[PDB]
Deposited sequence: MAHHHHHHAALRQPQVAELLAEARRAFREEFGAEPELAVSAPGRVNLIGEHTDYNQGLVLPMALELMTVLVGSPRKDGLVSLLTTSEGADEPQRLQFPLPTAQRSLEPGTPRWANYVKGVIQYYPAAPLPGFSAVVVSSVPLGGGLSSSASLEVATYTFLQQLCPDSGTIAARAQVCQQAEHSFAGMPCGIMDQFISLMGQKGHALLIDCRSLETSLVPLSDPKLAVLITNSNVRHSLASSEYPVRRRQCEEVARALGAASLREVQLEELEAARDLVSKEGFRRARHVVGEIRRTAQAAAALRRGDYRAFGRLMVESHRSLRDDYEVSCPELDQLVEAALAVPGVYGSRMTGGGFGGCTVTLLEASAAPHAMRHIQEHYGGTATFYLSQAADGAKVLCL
């Protein structure tokens, strides 16, 4: 109906024309980094827990060339970017360090350059494009962080690990966008592989690539086209009260605490507090079950754990919103459905039979009060490079 096609050949083609227009030469490099859907394991990554994301064909592309003048020149063409669409700045030095400011989309690139571990980092000219809906809950900011990082490696190869690069991109998000994210979005955008979900242990940083082949099974992502104020503001608050519980219970994280251990600890925590822990502590177990459900290829089954996720995010972690609750109702008539990412708006993810839709999308559009947009998501590759 209103399914947005990933248009990735078109997206690279656009970036290249805009580059040749803007800088008077053919760009030497293309990189991409995907946005992401989390299938299951919400608000667990910063509780040293488990997540089961996959990477999307929705991506951010940098096309660009090194410079010799030690300065960075950026053009973005992504419609929703705040103005101006261009920014230049000198590379940071021991004296001058990059600072967050205006425009906001540039803060992601600045952050990553500021924390890039390797040297010498030369200047560069780049066009930035993205088919990741900006602020839609599919990690537009992680795709731009990891796209930038991936471009910096072509200018000055790091001798790093996947985790060190994820932490760089994550620090850019903390310091330059004031968003105190865990490691999920960066990790999946680095490490995603076509036809696989990526089970991440956010305690050990051991990762599994779980085949998601079977073409009988689809993932429908539905953009609510809503972002509530509470989003930016309430994520840190949830994180802070996850620390208080861990503090009180002598646990270095909520990973190390067990549902039986917290049931017996109702006395020692807020009703807000216990409700947030029964989600996390719970929400870890079900991601482990889901993982072991995918592997066994039971796609009805971890419906339950997915719908169970949603209920718990909505009733216990209190980070759903009426729009998310009702896209779920609309779809859940499909193996399953739940909010995905940080919540207070953005997208749901629905695990249906490929054949089922586009009845899901006749029905969601015609039973969602807001504006639905759809992606039918193949599990995608992570960060990529194409020499031009």
{"property": "Regions of the deposited sequence not represented in the model", "result": "1-8, 342-344"}
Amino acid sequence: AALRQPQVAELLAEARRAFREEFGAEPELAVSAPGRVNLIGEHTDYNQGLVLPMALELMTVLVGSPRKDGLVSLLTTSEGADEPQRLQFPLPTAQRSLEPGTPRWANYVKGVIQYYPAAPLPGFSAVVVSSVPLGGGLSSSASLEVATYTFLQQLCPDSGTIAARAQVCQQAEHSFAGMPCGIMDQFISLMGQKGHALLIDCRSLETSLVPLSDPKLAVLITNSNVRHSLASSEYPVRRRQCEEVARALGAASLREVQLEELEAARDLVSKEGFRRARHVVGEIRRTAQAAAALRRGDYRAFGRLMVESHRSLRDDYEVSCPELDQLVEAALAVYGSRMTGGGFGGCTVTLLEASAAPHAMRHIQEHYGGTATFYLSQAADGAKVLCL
From here on, numbers count along this sequence of modelled residues.
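Take the two forms, superpose them, and find the largest set of C-alpha atoms that agree within 1.5 Å; that set is the rigid core.
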query	finding
Core-fitted comparison in 7 other deposited structures of this protein, 74-82 vs 260-268, farther C-alphas	260-268
More variable segment, 294-302 or 134-142 [Cα RMS over structures in 7 other deposited structures of this protein, core-superposed]	294-302
Residue stretch of maximal mean CA temperature factor, 112-120 vs 311-319	311-319
Mean temperature factor over C-alpha atoms, higher-scoring stretch between 213-221 and 190-198	213-221
Deposited CA B-factor, highest of 357, 63, 33, 349	357
Member of 25, 18, 364, 12 with the greatest C-alpha B factor (per the PDB record)	364
Among modelled residues of the same chain, the CA temperature factor third for residue 386	lowest
Record-listed C-alpha B factor of residue 86: chain third	lowest
Ranked C-alpha temperature factor of residue 165 among modelled chain residues, by third	lowest
Residue 248, C-alpha B-factor rank within chain (lowest, middle or highest third)	highest
CA B-factor placement of residue 235, once the chain's modelled residues are sorted into thirds	middle
